[PDB]
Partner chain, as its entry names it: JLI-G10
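Okay, here we've got a single chain as structure tokens, the form deposited without the partner chain, with questions on binding and movement later.
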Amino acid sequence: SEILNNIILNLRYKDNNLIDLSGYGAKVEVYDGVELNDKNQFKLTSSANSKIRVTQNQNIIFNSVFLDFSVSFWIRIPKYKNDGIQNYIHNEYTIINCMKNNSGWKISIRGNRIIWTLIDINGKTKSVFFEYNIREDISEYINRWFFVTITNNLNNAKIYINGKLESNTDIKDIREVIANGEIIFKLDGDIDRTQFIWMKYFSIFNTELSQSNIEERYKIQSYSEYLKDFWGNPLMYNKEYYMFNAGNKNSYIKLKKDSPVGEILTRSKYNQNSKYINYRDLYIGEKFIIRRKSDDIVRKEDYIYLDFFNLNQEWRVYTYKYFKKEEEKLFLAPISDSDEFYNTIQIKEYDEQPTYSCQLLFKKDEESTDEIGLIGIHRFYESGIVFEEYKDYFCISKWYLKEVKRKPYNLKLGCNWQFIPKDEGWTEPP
């Protein structure tokens, strides 16, 4: 119950609605423009009716000496529009505002920066923010779910991202801040018509949360029986996905021309000459689809078939049953029965820390406890008549079997995969 101490507002999904489960009974009014789902996610758009109003229980008591409280929530911010970089970088918009008599707090966003602002009764202001890079090949934050926690005490305001301290601002100068006014969740500013934000698990505490307490809540809220996709949403059966490899982030799978194997190519990247932004393309390579062996949620330990689309037909990923080396090239072919190929894969999650990566274990039989190997990427010698050249191939490897047991789990292992479905928050026009 550690992560339930001092909680004074806990918004949770219930019957197609959002309700305060803090135990203090705050009134919550979600207007028709807010999209909600049973995974506790809610979307704020640019529509005028896309808003939530929370009226706090006025009997709640706050620290009278100094501002001693914390706010936490998960958020997913869409990628910038390539042809709208300037507005992205410059236009700041409020997403959550709690003001009373011109005093209070607010959470706002300017491009790739998330901002926390406090205004005391004298009108004095202070802010602290977290900005993520927008020039990396692959970002851990753009359009992906991440955990935010802001804490305030007598001396400073801190921002923790995914359980870790990222920013701090001294606020010893700030005097009384009125924090019990109405909370308005709504995009406010000069925003594009297509702008939107997803949020989840919004909570407020009347105390400064410790780093230990914050890291703990991160893990508890990251926990689920099901696997997640690249953006952090639940992984699904019967859904098209591109594949990403954590150990070779700039690599993607492509069916080799005239050969039933998967070769690994290099991800292309942003063309247009904008020194402000850089990224590698995500929607490339073969389109895969996970099928249940037996639209659902793919859970750890499930037995599946990893299929993909090859010219108007659904194909499948197989492993030869008798390769004699440590690792071998996977066989990518039509769906059919065979004596010499395994097609059953058990999807796993070996990491004990929050992750969006999963592993693919080929099984002889669902029943047999025998382990054939894990799917990964390996460099194969393609020695040609002239001289020997090498090339990476989509493979099965027995070497990962032992490595995945080492603790702490190695996040960079080549057997770590992520699934990327097309998402409205990530657009990559040529």
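Rigid core here is just the name for the largest C-alpha set that superposes within 1.5 Å across the two forms. Positions refer to the first chain, counted from 1.
Keep in mind that the form deposited with the partner chain bound is missing from the display, and what follows is about it.
- Here the chain stands by itself, but in the deposited bound form one stretch of 362-370, 401-409, 40-48, 23-31, 401-409, has heavy atoms within 4.5 Å of the partner chain.
- None of 18, 9, 420, 413 but one reaches within 4.5 angstroms of the partner chain in the deposited bound form through a heavy atom, and that residue is 413.
- Contact with the partner chain in the deposited bound form, judged by any heavy atom within 4.5 Å, is made by just one of 247, 189, 234, 354: 247.
- Contact check for residue 229: every heavy atom lies farther than 4.5 Å from the partner chain in the deposited bound form.
- The partner chain in the deposited bound form comes within 4.5 Å of no heavy atom belonging to residue 286.
- Although the partner is absent here, residue 377 lies within 4.5 Å of the partner chain in the deposited bound form, judged by heavy atoms.
- Contact between residue 326 and the partner chain in the deposited bound form is found at the 4.5 Å heavy atom cutoff.
- When both forms sit on the same rigid core, the CA shifts between this form and the one not shown reach 2 angstroms or more only at 388 out of 366, 370, 388, 38.
- In the core-superposed comparison between this form and the one not shown, the C-alpha atom of residue 49 has shifted by less than 2 angstroms.
- After superposing the rigid core, the Cα of residue 399 is displaced by less than 2 Å between this form and the one not shown.
- Once both forms are fitted on their rigid core, the CA atom of residue 69 lies less than 2 Å apart between this form and the one not shown.
- CA of residue 166 to CA of residue 63: farther apart by 3 Å or more in the deposited bound form than in the shown form.
- With a change of no less than 3 Å, the CA-CA distance between residue 62 and residue 97 is larger in the deposited bound form than in the form shown.
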